[PDB]
Each structure stands twice: as C-alpha cells, then as structure tokens.
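First comes one chain, alone, set out as structure tokens in the form deposited without coenzyme A.
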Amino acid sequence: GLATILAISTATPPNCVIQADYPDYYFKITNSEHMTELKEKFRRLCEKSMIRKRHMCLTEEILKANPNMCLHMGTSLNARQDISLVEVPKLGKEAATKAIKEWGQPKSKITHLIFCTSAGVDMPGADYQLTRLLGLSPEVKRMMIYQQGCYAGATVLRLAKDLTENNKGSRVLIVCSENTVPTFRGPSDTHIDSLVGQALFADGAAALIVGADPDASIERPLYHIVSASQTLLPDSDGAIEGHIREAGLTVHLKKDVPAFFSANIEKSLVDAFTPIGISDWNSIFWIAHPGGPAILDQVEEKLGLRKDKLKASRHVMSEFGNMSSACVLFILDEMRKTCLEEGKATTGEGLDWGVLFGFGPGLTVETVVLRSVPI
C-alpha cells in the first residue's frame, strides 16, 4: 500500500489570550513593570508575530498559584511537570477521540500509537497515559517521540509511513500535544531570545489516523504520504537549543535562524521533487511550520512563492500561535476543510502534489511529499 491520512482532528484549551493585550498582561504577571524598554521591545515582537490569539492552559489563576514560574529562572520544574504531565495526554485524548469518531472504525482496530510532545517527559510516558485514557488494545504498538521540538509534526508522518506500509492492515493513531507550561517564564534583558518564545509559543493538540490500505467502503483518504526526508543544515550548529533545567525548558535562539532555513530550503525541494519531475514550487500545495514568521517570509521571498501559497499555514499561526509539532497537522486540517467548503478540486487547494515542512533544532528540516485526494 501507501500511507494515507484517513482522519484529522484538533483540540485547544479553552483559555485564550489576545495577542494585542499580552504585553501588558505578561509584564504585569511577571512583576516586570520597571523594564519599560524591554516591554516596548516585547510589544514590537508581539505585533510582528502576526498572531491574533493563542490558547494556553496556563491561566492567570495558575500563574498566581506558581510564582516561581513567573520568575525568569525560578526553581519550578516540579510545578511545571505537575501541570503539564496531566494536560498533555488530556488534550491529546480530546483530539484523538474526535479523529477516531471521524474515522468511524472500532478503536480495537488501532494497531499502533505514535505520541509526540515536548511539554514534559515521564515514565511511563504520555503514550501509555493516552492508551489507558482511550481504552486502546493493550497490544497497541507504541512509539513515544519526546522533546523533538517544532519539526516533529513532520517526523511523526515519516515514522507513520514506515509503520503502516510495513505492516499489512495496520492503523496508526498519531497524537501531537504541546503547551507553554515548560517554557513560560519572566523576562530578562540578558535573554531577548526567551522573549521570542513568550510571544509565539501556544497550546494545542492534533490527532490523525493513518493506514496504507484504506477500505473505500468505510474509509476516506485525505492525503497520501509519498516520501519523507530529514536533513541538518550546514554551519547551523547551536542556532536553536532548548535545555531542560531546574527552571523548566529554557530556549536559546541565534539571530541567523530565518536566514539559515531560507538559504537551504531549496535543496530540500530539489532533492524531494526531482524524482517526481516537479520543479515549479508554485505548482504544489504548501504546509509549512509557521511558528517562526520571518522564516516563512524569507522562504517565500527566496523561492519566489506567490503570496497565497502559505495562506493556510499563516492562518493557523494567526488563530493559534506556535503550537510546535501540532501546527502542521492543524494546517492539514484547515486545508482539507477549507478546500471542501470552497469546492476546490482536491484537498490540496486544487493541486495534486504538495510539500509539508517541519523546522526545528539542529537546525533540521523535515520534508514530506504529499499527494492530495480529489474533492
């Protein structure tokens, strides 16, 4: 067969933050109102993010209950773990139940589970928690993908393709669940790159069903996963790092990040699409992890993409912020729903071939070649 996405669903915590209001709220709750210049910098970061709103399980009440999380470097990993380790599989279950209901088959037919998160590690992991919460078969074959950051929404597709194509009749449930509990922290003039995360990161979960031999009388293909590649970018060592410490997950970013991704992305397109015979990057549909807005702007400019190629990707970023691995799965869901509602000829904006990109630490570009499905 050929790995095929059969259902997609998403979930977010009910609490949302309006990005226009976030600088005042953030500098107040972190006791940082004396940092007037830094607050103006943060306002500019929030304005430039092109995020309208973000969902966050971290409410004002929870932050007031956890003052060490509101320090810049407060000893707080235990408080963060206590919140996030429950929230990650809970939000994952919400998305998974909806995807399983869309699919419409018995959960006993789920043979594999891939769980992905960077919001907190535990033994047994979130894959175990989700298996028990859902009532999956105890013999479900689990793969727990921890702490791989913003490219792992593509990673899980790369993994799912090999799992489903090498196991006749297998059905893989994929769940990505991300949140800001590990990364939220007070500001510091010494650490501007942390501020970037505070402007961008958000909560969300997405779930998919994948199989390589869809039964046309009961299942409905949405996308086919044709190929999946991964590469490290030259000379990019150390550009993005995240450390799990006593103060939570600390983020470290170098100024050069968008230039690294935009200068190297065409190589990934050439390598992925030369065997297909496609070289017109405007003739394919696009899903690009959008959590770095300058990355997409510079990729668009470097490649000469028409300004609407990234519309679905930028829409998810506007309405949800950087939900890490879940973003590209939300974008797939946005695209297939918008294409159905608008009467497009395919789930890929009327086009047959598409590309899905994950970007993250390494640097690392994950490149997935997709095919759409008619109407």
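Each residue number is its position in the shown sequence, starting from 1.
One more form of this protein should be noted, the form solved in complex with coenzyme A, which is absent from this view; the next part is about it.
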### Non-hydrogen atom within 4.5 Å of coenzyme A in the bound PDB entry for each of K41, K48 and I192
yes
### Task
Given that the partner is absent here, state which listed stretch (98-106, 286-294, 125-133, 263-271) has heavy atoms within 4.5 Å of coenzyme A in the bound PDB entry.
286-294
### Task
Would you check, heavy atoms only and a 4.5 Å threshold, whether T347 touches coenzyme A in the bound PDB entry?
no
### Query
Heavy atoms within 4.5 Å of coenzyme A in the bound PDB entry: does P258 have any?
yes
### Query
Should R245 be classed as touching coenzyme A in the bound PDB entry when contacts are defined as heavy atoms within 4.5 Å?
no
### Query
With a 4.5 Å heavy atom cut-off, would you call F115 a contact of coenzyme A in the bound PDB entry?
no
### Task
May I ask you to choose, among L91, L173, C150, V181, the residue with a heavy atom within 4.5 Å of coenzyme A in the bound PDB entry?
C150
### Query
Out of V156, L208, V299, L200, which one falls within 4.5 Å of coenzyme A in the bound PDB entry, going by heavy atoms?
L200
### Query
Which residues in 222-256 have a heavy atom within 4.5 Å of coenzyme A in the bound PDB entry?
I240, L253, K254, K255
